[PDB]
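To begin, one chain is listed below as structure tokens, in the form deposited in one PDB entry.
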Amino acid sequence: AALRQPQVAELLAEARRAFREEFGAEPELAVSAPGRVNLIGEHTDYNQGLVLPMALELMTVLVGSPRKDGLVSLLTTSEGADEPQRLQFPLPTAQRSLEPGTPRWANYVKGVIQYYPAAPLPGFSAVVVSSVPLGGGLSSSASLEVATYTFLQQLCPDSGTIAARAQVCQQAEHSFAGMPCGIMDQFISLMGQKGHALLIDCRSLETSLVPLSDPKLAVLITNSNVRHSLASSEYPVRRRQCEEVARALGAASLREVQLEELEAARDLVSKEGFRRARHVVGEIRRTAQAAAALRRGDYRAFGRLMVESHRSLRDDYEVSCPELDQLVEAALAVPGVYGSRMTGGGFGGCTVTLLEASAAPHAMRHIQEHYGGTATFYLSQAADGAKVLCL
């Protein structure tokens, strides 16, 4: 009974009802954008590396209608949202630009509106709902940024590219939520497809849609139900650390750097600096193998790379925590688990376990009553990206 069921028809239903009640009318548009689990490729995106996320059935829905009066009126019904649940503001102009503040959940919608590249953007009324656990490491913020962006395209079609929309959503994250993220979470929330993982090349911005085509197996996502303080603080520190190496090795990005390179050039960089880049340059290689493992149906190599990916995160990148360490070591003990790791930024959030669909229900007995803290489970079919339903 720890396993949360998606209930996506219900989430749209609740969003419509709450719109009709709040604004006096049926909403004209529904949009959705999913949260994400990163199978492997941790802390590689911002080092121009490779990531292998898939989109979750956990999503953010905006239901809404254009206004004439050039203002934005928002209601969120998400339980975890900080108060107030409602915010109204005028559209930004040459004169007045939006600014982050209170409430925080609105900062994501403001940021996307502030950097939306097309015109003219009319005002709108919208209800915001999400089944993505808020700050639980499955990209609630990217799904609300991308759900917002998708709603704005219905108001004012952009004439742009998938990467342009990801960088808009990424800019809102940087400027309005003070989180200097890579492109992974936005890219996956835009481009996900049911029954596929998405290999992203964060140097070239090439993307591959890789079938998840053994249904014998599952990905179990485990919510540790913690966020440590160091989370917010440490993500940029790591990022600045990766960039100092790249300075010192005359590389424009760590991507360009290979493990033979870094071992021969230690003297050039810090002992921390060398171990930060040892993850990244290590990780990027492990992903490329994990992609090529997935296509060959080599579940057991992908598994083992995954554990390497955790051990590099835990020991070299130091962005795991005892709770994650303990959900991973606990998963890796269960026969038919190919692999387990922390996913996303770390310091709390979720693990992702690759295992047999028959073995998965053994785990949720076991994890719940052999996990120090409280487990929540998602059994994730790989899902669609950003979607529109005309109402």
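So that there is no doubt, residue numbering starts at 1 and follows the sequence shown. For the two forms, the rigid core is made up of the largest set of C-alpha atoms that agree within 1.5 Å on superposition.
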item	value
Higher-deviation stretch (C-alpha RMS, rigid core fit) in 7 other deposited structures of this protein, choosing from 172-180 and 210-218	210-218
RMS CA shift, core-fitted in 7 other deposited structures of this protein, bigger for 235-243 or for 260-268	260-268
Per the entry, higher mean C-alpha B factor between 188-196 and 96-104	96-104
Comparing 156-164 with 215-223, the one whose average Cα B-factor in the PDB entry is higher	215-223
C-alpha B-factor winner, where the candidates are 259, 72, 291, 121	259
Member of 322, 344, 64, 49 with the greatest C-alpha B factor (per the PDB record)	322
Third of the chain, ranked by Cα B-factor, where residue 366 sits	highest
Assigned third (lowest, middle, highest) for the C-alpha B factor of residue 53	lowest
Residue 60, C-alpha B-factor rank within chain (lowest, middle or highest third)	lowest
CA B-factor ranking of residue 203, expressed as a third of its chain	middle
Where the record places residue 34 (Cα B-factor, split into thirds across the chain)	lowest
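Although not depicted, the form solved in complex with a small molecule is the subject of the following passage.
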item	value
Interface segment, criterion being heavy atoms within 4.5 Å of the small molecule in the deposited complex, picked from 321-329, 362-370, 66-74, 26-34	26-34
Distance check, residue 1 to the small molecule in the deposited complex, heavy atom within 4.5 Å	no
Heavy atom of residue 61 within 4.5 Å of the small molecule in the deposited complex	yes
Partner proximity in the deposited complex: residue 18 to the small molecule, non-hydrogen atom cutoff 4.5 Å	no
Residue 12 within 4.5 Å of the small molecule in the deposited complex, heavy atoms	yes
